[PDB]
Structures are given as C-alpha cells and as structure tokens.
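> Take this structure, written in structure tokens, and hold onto it; I'll ask about it next.
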Number of protein chains: 2
Amino acid sequence: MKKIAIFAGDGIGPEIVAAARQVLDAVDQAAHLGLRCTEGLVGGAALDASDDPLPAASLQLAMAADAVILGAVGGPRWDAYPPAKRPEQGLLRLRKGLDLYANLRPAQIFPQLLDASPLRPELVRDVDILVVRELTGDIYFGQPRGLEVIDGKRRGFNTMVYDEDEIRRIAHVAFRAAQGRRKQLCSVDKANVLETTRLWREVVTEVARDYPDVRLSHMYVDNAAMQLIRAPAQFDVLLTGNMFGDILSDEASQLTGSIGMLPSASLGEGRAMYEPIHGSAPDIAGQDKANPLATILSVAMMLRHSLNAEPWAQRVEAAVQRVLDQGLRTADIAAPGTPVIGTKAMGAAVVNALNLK
Amino acid sequence: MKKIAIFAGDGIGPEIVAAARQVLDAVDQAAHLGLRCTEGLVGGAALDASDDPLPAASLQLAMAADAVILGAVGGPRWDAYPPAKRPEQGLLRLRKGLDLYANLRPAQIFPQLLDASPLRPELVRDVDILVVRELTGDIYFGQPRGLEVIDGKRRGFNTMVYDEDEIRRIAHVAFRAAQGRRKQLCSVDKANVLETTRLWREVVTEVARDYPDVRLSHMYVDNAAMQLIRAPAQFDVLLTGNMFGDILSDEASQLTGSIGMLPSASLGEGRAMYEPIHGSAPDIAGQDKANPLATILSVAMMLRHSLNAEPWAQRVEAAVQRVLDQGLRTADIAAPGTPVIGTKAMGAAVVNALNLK
Ligand SMILES: CC(C)[C@H](C(=O)O)[C@@H](O)C(=O)O
Ligand SMILES: CC(C)[C@H](C(=O)O)[C@@H](O)C(=O)O
Ligand SMILES: [Mg+2]
Ligand SMILES: [Mg+2]
C-alpha cells in the first residue's frame, strides 16, 4: 500500500488537482494499486487556516507519504504577510524537508500545439530536453544570509554553496537520465567567475568516468541562455544548480509554448513530489478554466518514478495525446474562435481517453 | 584633450579594434576631437607578455584614460593557467578597478538583419530593449568566496551581496535611461527567495519616487527568461544585477539574431569602457572574417557617453545602417550565396559611408 499526500494549494491549484485526481482514481481502480491518499494544507490555504505556509501537521503528512502531489502555491492575497511566512516558503520547506534534491522538468512540444511556440517552427520542431535541476542546496538554502544595517546602510547577502556530495548525487541522476535518453549531458555553470560552480564542473567531470556511454559537455549559464533559443535541438539532458536551473527551466518551458502542459518531478531518497511548473494563476481561480494536463502528466511521472507502474504512466501519457488528437483544448491551448472545454471536462476527457474496459 | 586606453585583447579583438579604429580616426580628424590613444595588454595577450591578465601598467593606463576600448578576452590557449590568472580576470579587474558599475547593453535588431532572429518574425520585429546591469557588485565580487575541504569533503562557496548605495546608483542610471526612452522600467530580482534581491526591489521602489514619469514594475528572474521570448516588445529598459544581468542580456542578444552587431558601455564616475559582447571567437581569429560592427557601434556609444560627440555618435550609427542598406555583409550576417566582405573592408566601408571630405 502506497500513501499519497495531497497539497492542492492556492488559486487554480485545487481545481487542477481535482481534475488530475479523477485520472489518478481511475488508474488506481483499473490497476488495483491500493493507494491511500490524504489531503493537507500548504501555501496560502495553510496561512488562511493556520497562519503558516507549511504547518507541522502538513509536514509530517508529507514525510509519512511515499509520493506527494502539489497543485500550486502563491497569490497577492498573502503579500501582507512577513517574508518568512509567504506561500512559496511552504514549497521550499517541503522540498528541503523531504530532501527532494532531483528536480526533473522535461521540455517537449505536443505536435498539435507546435504553433504556440515563440520560436520559428523549424527550430522547435523536435525540442526534447530534460532539465535536471539541483533542488535542495545552492544559494537558495545557503547560510549565512539575510538583511543587515552596517554603519547606517542596509546590506543584503546570500551564500552560494555546494559540497562534493550534493553535486555528485544530482550528477548521477542526470547521467542515468542521459543514458536512458540520447546519451548527451550538458552541465551548466559559471566556472570562470563563481568558484562554487567551478567545483560543480570538477565533480561532474569526475562522475563522468562512471558513464563512458554518455557525451558530457560544459557550458556557461549565459551562453546556455542563448543556445536554448538559437538551437534548442542540441540539448538532451541539461544539468545545473538550483538557481541556474530555475532560470533556464523557465526558458526551456516558454520555448515549448504551452506552460499548462508541462509536468515535473522532485526526487529524493524514497520520496518524491510532483507538481506542475505553471504557477497558481490567481486571475482564473475557480473559473474551471485552468489546464490540468500538466498536473495530470505529473501524475504519470509519479506512476513511473514512485509507484512502479510504468505501463500505467504510459497509458496516462497516451490518453493526454488522445485528448489532443480528438481536438480537445482548454483556454490556454485553444486558437481564437476554436471550441474550448473546462478543467473538469478535460479531466473526465482524459479518463475516457484512457479507454478503460 | 581626451585620453583613450585601447586594449585589443585576444582572438578577433586585434582585428575588430583596428576596423573600429579606422572609424574613430576618421571621426577624430573630421570632428577635430584631439584624442590621445594608447595601447595596452589585457587577457591572454597580457599573459603571454607578462604572465598576468591585467598588469599594473595596463591598470594605470586605463585609470588615467577618459574612455577605454576593449576588443575581446579569452581562449583555450590559457586553460593551463591557474583560475586567478585566466584572461577573464583581466576584464573583471578592469570593471572593478575603474568602478564601472553601469553596464548598458541595447538589444535592437537591424531591419535588414531580421532573418537571423530565432523568434517568430511578428514578435521580434519591434524589439527595442536596453539592459542596464549592475557590474561591480553582487556575487561576482562578494566575499568570502573560495574552495575548501571540511571533514574530508570539498566545499565551494561565493557570497552574493548588495548594499543600498550600490543599488541606488545603478537604479538612477536605469531610471534616467528609461526617461529618454519609453519611460518603462522592469526591475528583475528573486525577492521571494533571495534576500539580497528583496533589498534590491525595495531600494529600486524607493528611487522610483524620483521618477514619476517612468512606470516601474517588478518581475522574478525566471519569469523574465520566459517573458523575453514570449513577448520581447513588452520590455523597454530592464534593470537587474550582475549575475542575472549576465544571463538575461545574453538571452536578449540571441533573439536579435546577430551577436556581431551588439555594442556595450560600462560606465562609472568619470570613466567608461566600451566592448562588443560576442567574445573572442578564437576559431576565426586572424582570418579577417570577424564582424567589426559591434565594436564600431561601441565606439559610437563612446562618442555619446564619453567624448560628448552625440552628432558624431549618430553619424557613425547612420553609417553602419548605410553599409547594411548597400548590402555589405561579413560572414556572420551574410545569407548563404550572398556576397561576403572581410573585417578590414567592412571597417573601410563604414568610414566611406560616413560621407566625409
Ligand atoms: C516559487 C519559487 C519559490 C520556486 C523556485 O524558485 O524554485 C518556483 O519559481 C519554481 O521554479 O518552482
Ligand atoms: C567573461 C565573463 C567574466 C563576463 C561576465 O560574466 O560578465 C562576460 O561573460 C560578459 O558578459 O561580459
Ligand atoms: Mg521558477
Ligand atoms: Mg556574459
């Protein structure tokens, strides 16, 4: 029996999770996984009920689970709150608390959604990239950090740090991912300015000896920002830190064109959290407009990386393709004047497209 | 009388500065500017001569000058050199030595060079962005930093840091730049995760009160990486830090399509350095192939920002446009099967296109 902790969150979080839960419950019944799901509050929903973005109870729930599903966190409703109590702090505490250091963000375009891409057609025709971003270390969690007043002058500071063990584990994930893809890994750094990232380059080069079958390349983060646009098809697996991964992942996501179709996995030792990478989009919250396909595709990642159900992870991914083939579109992926369906209907549509006996 | 310190550097640097020199000399003579130019060593050229990327002599020449011109620094030739002596250290030490805190990198696309752009023509057609990047602070120059061993494990660290004065001065340049443009300023940070960048947002918000004519908006760095390609025309002046500015400016450069056309200005109090932003292109170094136009346009920025020769800055800029209308193209900006001219010829073409006598 597998325990799944659910943290819908803020904005469109609740509705996109409900839609994806339809699909999840469907696969569970068909496959007989015997999953037990529990719901906990996170982000702004948690602040509203407990004045804390990740209550202790919510944290223990996640710790006690095998897989974690999160909808979204964030919204201007909580700006009046202190920085340490902001909605995304709960997300950061989940990642850090569960030590989910391997963030996997696959970037590819659905053939029926190619026109949504900002780049010229011929460039992004075959963009299939996997950003493997380190999630629990770096400047994000480095100490010391903070704001201070030195001689009447405000000074802000943050510490970027990584030790050889943190770099080695994320590298193994990226190298193993490359082997199961096109055998190409690009480690991104700023080794000629930032010493932390030079150690990053050195340790990845050492681990590269363990994967003679993969072609390793190093690239500076600024140059990588140009290459993603200039020739995206050159990338297979892109490895980088927390900070650089945050930026380059969003860049990779935009060039696919449809952010509401992009899933993600955050893996650690014996745990994992799955969430869409599109945010809480507050302005459409509760309007049944949100695209749940990214959350649904994240469930497919969970079936694969956490529930030992590859055949079913594929069937979920196939149903999503099927829904698109049959012309079903949510507002974000539909052309002007073209028919559009809501969050609820899109969920029930994938369940049907599952062609369950 | 004004002094100009010239540092050609490595790779294509010597040839692109010579072409640019043809233009500077043509303008100096015609305008009667009375400029005193001196040449120094920087980067690998300085290493080969002094085993130091920025010898004390080079620093004093630059410190004595009114304006500095730099071609390019870097190359695999100096990989055998210790991290502290790599060619790029000379560049950083110049920016820091002369306290050139305001980096200006205008991202515009030339009408006849629109086909080089990677974005869908309708998006890029009207791109007119100016990236104002803080150049002397941030994690780039933050202390402490280094590589150590704790309990037998390697640890890499760097310090990101900014005080209110550092932010106030770069904010002023950006707000002022925006006034003379579309009066729209976008400040990029990661205020929800990094405290240094939250102070950045706060101080910028403070200085914004001095510029009621310019509209200020804040955006997270990851979102900016998306917004640049999704809808580049939304940006006028984009203000951000050293590291973020490093990544975002390169992304903005790529969407214009032709990196060989982009100029830059690093301004400080009474000092200024001008360099292109394409790198040393070691592979074509010394083949008279390099596009000298970015450097020429950098000289144009110098006429405007240092030599107080705005009308002559415009004429150089007008001459570069004329050359393109004439259909003159170096390899990098030439369509396949189109006539291609060398570095030297392209420089002469601009001087001729100045229509002097
Ligand atoms: C919301 C924020 C704290 C988070 C991050 O910076 O990692 C987000 O931008 C992401 O990439 O998932
Ligand atoms: C070479 C490097 C130190 C420098 C920087 O990172 O600022 C360069 O990439 C640039 O953009 O001028
Ligand atoms: Mg992000
Ligand atoms: Mg750069």
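Here, each number is a calculation from the coordinates, and none is a lab measurement. With ideal geometry, Cβ positions are generated from the backbone for all residues, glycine too; neighbour counts draw on all protein chains shown.
> Could you pull out the residue among B:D288, B:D283, B:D222 that is away from ligand 3 (no atom under 16 Å from the Cβ) and in contact with an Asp or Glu (Cβ under 7 Å, 6 or more places away or on another chain)?
Of B:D288, B:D283, B:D222, the one residue that is away from ligand 3 (no atom under 16 Å from the Cβ) and in contact with an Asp or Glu (Cβ under 7 Å, 6 or more places away or on another chain) is B:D288.
> For the range B:126-146, how many residues meet the condition of being in a strand (DSSP E or B), in contact (Cβ under 8 Å) with a residue 24 or more places away in the chain and surrounded by fewer than 21 Cβ atoms within 10 Å (Cβ to Cβ)?
Of the residues in the range B:126-146, 1 are in a strand (DSSP E or B), in contact (Cβ under 8 Å) with a residue 24 or more places away in the chain and surrounded by fewer than 21 Cβ atoms within 10 Å (Cβ to Cβ).
> Where in the range A:193-297 are there strands (runs of 3 or more DSSP E), lying fully within it, with 1 or more residues that are within 16 Å of ligand 1 (Cβ to nearest atom) and touching a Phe, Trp or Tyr at 6+ places or on another chain (Cβ under 6 Å)?
A:265-267
One line per residue, one yes/no per condition, for (1) touching a helix residue (DSSP H, G or I) at 6+ places or on another chain (Cβ under 9 Å); (2) away from ligand 2 (no atom under 13 Å from the Cβ); (3) more than 14 Å from every other protein chain (Cβ to nearest Cβ):
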| site | (1), (2), (3) |
| --- | --- |
| B:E251 | yes, no, no |
| B:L255 | yes, yes, no |
| B:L267 | yes, yes, yes |
| B:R271 | yes, yes, yes |
| B:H278 | yes, no, no |
| B:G286 | yes, yes, yes |
| B:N291 | yes, yes, yes |
| B:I296 | yes, yes, yes |
| B:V299 | yes, yes, yes |
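> Select, from B:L135, B:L100, B:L70, the only residue that is within 15 Å of ligand 2 (Cβ to nearest atom), within 14 Å of another protein chain (Cβ to nearest Cβ) and not acidic (D, E).
B:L135
> Of all residues in the range A:221-241 being more than 9 Å from chain B (Cβ to nearest Cβ) and of a type in the set (S, T, N, Q), which is farthest from A:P121 (Cα to Cα)?
So, considering only residues that are more than 9 Å from chain B (Cβ to nearest Cβ) and of a type in the set (S, T, N, Q), the one farthest from A:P121 (Cα to Cα) is A:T240.
> Determine the pairs where a residue that is on the phi < 0 side of the Ramachandran plot, located within the range A:86-98, has a partner that is away from ligand 4 (no atom under 16 Å from the Cβ) and of a type in the set (D, E, K, R) with Cβ atoms under 7 Å apart, the partner being 6 or more residues away or on another chain.
If the second residue must be away from ligand 4 (no atom under 16 Å from the Cβ) and of a type in the set (D, E, K, R), the pairs left are A:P87/A:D10; A:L98/A:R271.
> Can you find a residue that is within 13 Å of another protein chain (Cβ to nearest Cβ), farther than 20 Å from A:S306 by Cα and part of a helix (DSSP H, G or I) anywhere in the range A:147-160?
Looking through the range A:147-160, none of the residues is within 13 Å of another protein chain (Cβ to nearest Cβ), farther than 20 Å from A:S306 by Cα and part of a helix (DSSP H, G or I).
> While we're here: Restrict the check to the range B:105-117 and report whether at least one residue is over 28 Å from A:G156 (Cβ atoms), at the interface with another protein chain (Cβ under 9 Å from one of its Cβ atoms) and buried (at least 21 other Cβ atoms within 10 Å of the Cβ).
Yes, some residue in the range B:105-117 is over 28 Å from A:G156 (Cβ atoms), at the interface with another protein chain (Cβ under 9 Å from one of its Cβ atoms) and buried (at least 21 other Cβ atoms within 10 Å of the Cβ).
> For residues that are among the hydrophobic types (A, V, I, L, M, F, W, C) and assigned to a helix (DSSP H, G or I), scanning just the range A:325-357, find the one that is surrounded by the fewest Cβ atoms within 10 Å (Cβ to Cβ). Explain how you work it out, then say what you get.
The first filter runs over the range A:325-357 and keeps only residues among the hydrophobic types (A, V, I, L, M, F, W, C), leaving A:328, A:331, A:333-335, A:340-341, A:345-346, A:348-351, A:353-354, A:356.
Now narrow it down to the ones that are assigned to a helix (DSSP H, G or I): A:331, A:333, A:345-346, A:348-351.
Details: A:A331: 16, A:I333: 23, A:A345: 14, A:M346: 28, A:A348: 16, A:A349: 22, A:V350: 26, A:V351: 21.
It comes out as A:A345.
> Can you tell me which condition A:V204 does not meet? The list is (1) on the phi > 0 side of the Ramachandran plot; (2) touching a strand residue (DSSP E or B) at 6+ places or on another chain (Cβ under 7 Å), and all the others hold.
All conditions are met except number (1).
> Quick one: is B:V188 buried (at least 18 other Cβ atoms within 10 Å of the Cβ) and away from ligand 4 (no atom under 16 Å from the Cβ)?
no
> In addition: Within the group A:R209, A:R176, A:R181, which residue is exposed (fewer than 14 other Cβ atoms within 10 Å of the Cβ), more than 16 Å from ligand 4 (Cβ to nearest atom) and away from chain B (no Cβ under 14 Å)?
Working: A:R176 fails: exposed (fewer than 14 other Cβ atoms within 10 Å of the Cβ); A:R181 fails: exposed (fewer than 14 other Cβ atoms within 10 Å of the Cβ).
After ruling out the rest, the residue left standing is A:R209.
> For the range A:36-58, which residues satisfy the criterion of being buried (at least 19 other Cβ atoms within 10 Å of the Cβ) and of a type in the set (A, V, I, L, M)?
Residues satisfying the conditions are A:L41, A:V42, A:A45, A:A46, A:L47, A:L54.
> Return the residue satisfying two criteria in turn: it lies in the range B:161-173 and is among the β-branched types (V, I, T) and part of a helix (DSSP H, G or I), and of such residues it is farthest from the other protein chains (Cβ to nearest Cβ). Break it down stepwise before answering.
The initial filter retains those residues of the range B:161-173 that are among the β-branched types (V, I, T), namely B:161, B:167, B:170, B:173.
With part of a helix (DSSP H, G or I) added as a condition, the list becomes B:167, B:170, B:173.
On the way: B:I167: 9, B:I170: 14, B:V173: 19 Å.
My answer is B:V173.
> How many residues are in contact with a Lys or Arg (Cβ under 8 Å, 6 or more places away or on another chain) and surrounded by 13 or more Cβ atoms within 10 Å (Cβ to Cβ) when one looks only at the range B:149-164?
Number satisfying all stated conditions: 8.
> Please tell me if A:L199 is more than 16 Å from ligand 2 (Cβ to nearest atom), farther than 22 Å from B:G152 by Cα and crowded, with 22+ Cβ neighbours inside 10 Å.
So A:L199 does not fit the description; no.
> If you don't mind, another one. Working carefully through the options B:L194, B:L199, B:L216, find the one that is within 16 Å of ligand 3 (Cβ to nearest atom) and over 22 Å from the mean Cα position of the chain (by Cα).
On inspection, the qualifying residue turns out to be B:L194.
> Here's another thing I want to ask about it. Could you pull out every one of the strands (runs of 3 or more DSSP E) wholly within the range A:1-101 that has 3 or more residues that are within 16 Å of ligand 3 (Cβ to nearest atom)?
Correct list: A:67-72.
> Could you please give the count of residues in the range A:212-261 that are closer than 17 Å to B:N223 by Cα, of a type in the set (D, E, K, R) and within 16 Å of ligand 4 (Cβ to nearest atom)?
2
> Related question: Being among the aliphatic types (A, V, I, L, M) and in contact with a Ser or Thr (Cβ under 6 Å, 6 or more places away or on another chain): is that true of A:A102 here?
No: the conditions fail for A:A102.
> Okay, moving on. Yes or no: the range A:49-66 includes at least one residue that is within 14 Å of another protein chain (Cβ to nearest Cβ), closer than 20 Å to A:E275 by Cβ and in contact (Cβ under 8 Å) with a residue 24 or more places away in the chain.
Checked against the condition, which is being within 14 Å of another protein chain (Cβ to nearest Cβ), closer than 20 Å to A:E275 by Cβ and in contact (Cβ under 8 Å) with a residue 24 or more places away in the chain, the range A:49-66 yields at least one hit.
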